Amino acid sequence: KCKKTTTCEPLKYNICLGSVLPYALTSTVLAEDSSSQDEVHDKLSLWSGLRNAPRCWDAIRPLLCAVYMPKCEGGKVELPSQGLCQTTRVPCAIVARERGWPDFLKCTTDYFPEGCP
Ligand SMILES: CC(C)CCC[C@](C)(O)[C@H]1CC[C@H]2[C@@H]3CC=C4C[C@@H](O)CC[C@]4(C)[C@H]3CC[C@@]21C
């Protein structure tokens, strides 16, 4: 429940929304709106409109990077935590009003499990 088996690929984009990525491989399996690293970049580019809402941006950046550009190692990615997802619900409430959170970014425990290291 804490990890997902998947195939790892070398990172094509070395930075996630300004944040450095201290690992070599990733997977697009958690971002259900994205089937390639190029598409991941284009979806993150859309999300980047939230840079104009800094309180949300500060909360949502680690969530987006954990989902869109996760560390992949030995054919597995770690799922983001329930806690990390919950931190975004109030400062990024505008997302829910403007369009709605995609299902893979709603804090259900199948996508964001509890009690994992
Ligand atoms: C006050 C303003 C700065 C707030 C701006 C907020 C944004 C940039 O106006 C947000 C609100 C809803 C967001 C969208 C919510 C859901 C999705 C689906 C996802 O697959 C791609 C990103 C995308 C399309 C988001 C892009 C950024 C949006 C479109």
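Cβ coordinates were reconstructed from backbone atoms using ideal geometry, including for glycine residues, and neighbour counts include every protein chain displayed. Values quoted throughout were computed directly from the atomic coordinates according to the rules given, and no laboratory measurement underlies them.
Brief remarks follow.
- Scanning the stretch 33-83 for residues that are more than 10 Å from the chain's Cα centre (by Cα) and within 22 Å of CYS116 (Cα to Cα) yields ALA59, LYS71, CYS72, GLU73, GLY74, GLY75, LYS76, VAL77, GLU78, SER81, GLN82, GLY83.
- Among the residues of the stretch 60-78, the ones that are small (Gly, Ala, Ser) and buried (at least 20 other Cβ atoms within 10 Å of the Cβ) come to 1 in all.
- Selection over the stretch 77-97 of residues that are over 16 Å from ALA31 (Cβ atoms) and either within 13 Å of the ligand (Cβ to nearest atom) or touching a residue at least 60 places away in the same chain (Cβ under 8 Å) (or both) gives a count of 6.
- Residue selected from the stretch 98-108 under the condition without any contact (Cβ under 8 Å) to a residue 60 or more places away in the chain and surrounded by 11 or more Cβ atoms within 10 Å (Cβ to Cβ), by the criterion nearest to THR26 (Cα to Cα): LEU105
- Extreme residue, nearest to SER48 (Cα to Cα), among residues of the stretch 5-20 that are out of contact with any strand residue (DSSP E or B) (no Cβ under 7 Å at 6 or more places or on another chain) and among the aliphatic types (A, V, I, L, M): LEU17
- Filtered by the rule that a residue be touching a helix residue (DSSP H, G or I) at 6+ places or on another chain (Cβ under 9 Å) and either surrounded by fewer than 16 Cβ atoms within 10 Å (Cβ to Cβ) or of a type in the set (A, V, I, L, M, F, W, C) (or both), the stretch 84-97 gives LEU84, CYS85, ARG89, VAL90, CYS92, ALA93, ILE94, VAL95.
- Members of the stretch 22-59 that are more than 10 Å from the ligand (Cβ to nearest atom), touching a residue at least 24 places away in the same chain (Cβ under 8 Å) and of a type in the set (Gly, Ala, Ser): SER27, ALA59
- Of the candidates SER34, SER81, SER27, the single residue that is buried (at least 16 other Cβ atoms within 10 Å of the Cβ) and in contact with a helix residue (DSSP H, G or I) (Cβ under 6 Å, 6 or more places away or on another chain) is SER34.
- For the stretch 48-88, filtered to residues that are in a strand (DSSP E or B) and of a type outside the set (D, E, K, R), the residue that is farthest from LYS12 (Cα to Cα) is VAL77.
- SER19 vs. criteria touching a residue at least 12 places away in the same chain (Cβ under 8 Å) and among the small types (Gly, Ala, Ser): yes
- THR28 closer than 23 Å to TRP101 by Cα and of a type in the set (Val, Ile, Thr): yes
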